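Trainee: Using only what follows, build the 3D model:
(chains A and B)
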There are 2 protein chains.
Amino acid sequence: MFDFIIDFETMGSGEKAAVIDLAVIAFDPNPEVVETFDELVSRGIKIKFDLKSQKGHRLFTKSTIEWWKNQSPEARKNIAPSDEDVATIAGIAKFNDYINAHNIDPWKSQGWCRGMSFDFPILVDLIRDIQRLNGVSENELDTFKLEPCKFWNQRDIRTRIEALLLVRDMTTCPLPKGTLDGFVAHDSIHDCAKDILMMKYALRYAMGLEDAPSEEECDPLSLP
Amino acid sequence: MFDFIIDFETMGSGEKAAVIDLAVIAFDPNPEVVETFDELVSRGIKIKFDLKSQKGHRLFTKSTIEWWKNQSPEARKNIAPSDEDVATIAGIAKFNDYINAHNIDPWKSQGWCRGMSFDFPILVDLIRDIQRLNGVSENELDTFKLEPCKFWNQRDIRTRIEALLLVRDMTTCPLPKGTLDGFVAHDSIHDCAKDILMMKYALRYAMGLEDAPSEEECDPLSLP
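Mentor: Numbering: from 1, shown residues only, chains lettered A, B, ... in the order given. Take a look at the structure below.
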């Protein structure tokens, strides 16, 4: 029984926000199982969307367009159009296929993102497109069976880590030295891998299966 | 500096969902203060929405209507129209007034709901309505200064309680005897006060400030 992480890059903010990419990784919640960076990254997939086709269908917020304009050249590159872009209806199909193929229990697994109010409402809006394509009226939408986890099993990453470490406003977690060797800063799959690791080590410390390293004794990439 | 909790009752699922009421309670995050049920309730407010005014504007989901059809008559009484009903712009104004009168810091306070992907997107869609009321286009909405907490300060109650107690899928917390004395079933404000109390004590049981009551020696309104 694996859990999973998801993370969207978008051009807007609400549940109809134009989506740039969607990274997802299944992982083992067992506190004594410490899945490493490389295997997490390898198990993960990145679904990349065709932005143009969402014009007229999804929401390009201008305060987000400008935000992207000011970001770094390598961050802007990761979000440029490429030949791997897929329509959103193809992307959500790929997303469901990954879940069905990766030991996710529809009733017992948990889904995680860095801000539940952001990724899950978009995810669900995309899954609702699956029913809209099949002619379902908006007020008759019912995606309870199509969703990758039960809604009461979505989980917020900021809330988890902050609660595990008992430090208000602390939503990252230091990892032992070299845990993030091979990290590429604007690789969607890596970002989810680091968040998976930070949540596992927070779980081990709060249980007492290892101790929090020092500032000079931990991978500096894990340090806010 | 207080934190706050919110909770809608709705007739719908997405961010456009038809709203029935909105309970909100400002409360003290500090562990060493245990505020009583009676003062939490007395600090809370309930905004009840006029359902008829939302027909054609907000989403009435068939399966949510059917789920309401099957609740007890006590639960359904809260749904019926009432003299205290307000238009959605009126209720979001009242919500903003309550937040402004109750020691909430925009940059530091944390907002709480049972299911971050449910209430906060509806809250934000109601606040967006303020900007559409001003003639702002959908693609130029920007509610960042209007939101009661910053988006990264939203927090999920299910994730919190489960993290503090270290039991997978345990989203309630046992309370010492008499803690819920006075609880009235299906009172929107009472439910939020219960959740504030369950979050506080879960923090205390994690910090060693008290030991959890035994399943026989706890308030039975806190059991699963």
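
Trainee: Looking at chain A, which helix is longest?
Mentor: helix A:188-207 (DSSP state H).

Trainee: quick check, it touching chain B?
Mentor: Yes: using C-beta under 8 Å from any C-beta of the partner chain, helix A:188-207 reaches chain B at A:206, A:207. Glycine gets a C-beta too; all of them are placed from N, C-alpha and C.

Trainee: Report all helices and strands that that helix contacts.
Mentor: strand A:3-10, strand A:19-27, helix A:37-43, strand A:45-48, helix A:157-165 (3 or more C-beta pairs under 8 Å, 6 or more residues apart in numbering or on different chains; DSSP states H and E).

Trainee: Which residue, other than its chain neighbours, is closest to residue A:210?
Mentor: The shortest distance from residue A:210 to any non-neighbouring residue, by C-beta to C-beta, 6 or more residues apart in numbering or on different chains, is to residue A:204 (4.9 Å).

Trainee: Could you double-check that the one you found lies in contact with residue A:213?
Mentor: No: with contact defined as C-beta atoms under 8 Å, residue A:204 does not reach residue A:213; the gap is 11.8 Å.

Trainee: Next, find the distance separating residue A:105 from residue A:153.
Mentor: Using C-beta to C-beta, to the nearest Å, residue A:105 is found at 10 Å from residue A:153.

Trainee: out of these two, which sits in the busier spot?
Mentor: When residue A:105 and residue A:153 are compared on other C-beta atoms under 10 Å in any protein chain shown, the one with more neighbours turns out to be residue A:153, at 20 against 13.

Trainee: How about the contacts made by the more buried one?
Mentor: Shown in contact with residue A:153 (C-beta atoms under 8 Å, 6 or more residues apart in numbering or on different chains): A:108, A:109, A:110, A:111, B:169.

Trainee: Check residue A:57 too.
Mentor: Residue A:57 sits next to residue A:88 when contact means C-beta under 8 Å, 6+ apart.

Trainee: Relative to residue A:64, how far out is it?
Mentor: On the measure of C-beta to C-beta, residue A:57 and residue A:64 end up 16 Å apart.

Trainee: same check, this time on residue A:6
Mentor: 19 Å.

Trainee: neighbour-wise, which of these two wins?
Mentor: Applying other C-beta under 10 Å to residue A:6 and residue A:64 shows that residue A:6 carries more neighbours, namely 22 against 18.

Trainee: Was I right to think the more buried one contacts residue A:110?
Mentor: No: between residue A:6 and residue A:110 there is no contact under C-beta under 8 Å: 11.5 Å.

Trainee: For residue B:36, see how far away residue A:15 is.
Mentor: Distance of residue A:15 to residue B:36, given as C-beta to C-beta: 38 Å.

Trainee: Can you point out the buried residues in stretch A:147-161?
Mentor: Going by neighbour count (16 or more other C-beta atoms under 10 Å in any protein chain shown), the buried part of stretch A:147-161 is A:147, A:148, A:149, A:153, A:154, A:155, A:156, A:157, A:158, A:159, A:160, A:161.

Trainee: quick one, phi/psi of the first one?
Mentor: By that I understand residue A:147. Backbone torsions of residue A:147, given as degrees, to the nearest 10, read phi -80, psi 150.

Trainee: residues contacting it?
Mentor: A:106, A:124, A:127.

Trainee: restrict these to those near chain B?
Mentor: residue A:124.

Trainee: For the contacts of residue A:147, give me CSV that also has secondary structure and neighbour count.
Mentor: Output for those, formatted as CSV (DSSP: H, G, I helix; E, B strand; the rest coil; neighbours: other C-beta atoms under 10 Å in any protein chain shown):
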residue, secondary structure, neighbour count
A:106, coil, 15
A:124, helix, 22
A:127, helix, 18
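
Trainee: just curious, which of the contacts of residue A:147 is nearest to residue B:22?
Mentor: When the contacts of residue A:147 are ranked by distance to residue B:22 (C-beta to C-beta), residue A:124 comes first, at 21.2 Å.

Trainee: list the contacts for that closest one?
Mentor: Contact analysis of residue A:124 by C-beta under 8 Å, 6+ apart lists A:15, A:143, A:147, B:14, B:117.

Trainee: Reformat these as TSV; add distance to residue A:84 and secondary structure.
Mentor: As requested, the contacts of residue A:124 are arranged in TSV below (distance: C-beta to C-beta, whole Å; DSSP: H, G, I helix; E, B strand; the rest coil):
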residue	distance to residue A:84	secondary structure
A:15	25	coil
A:143	26	coil
A:147	25	coil
B:14	29	coil
B:117	28	helix
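
Trainee: And the longest helix of chain A, what's buried?
Mentor: Buried residues in helix A:188-207 (16+ other C-beta under 10 Å): A:188-206.
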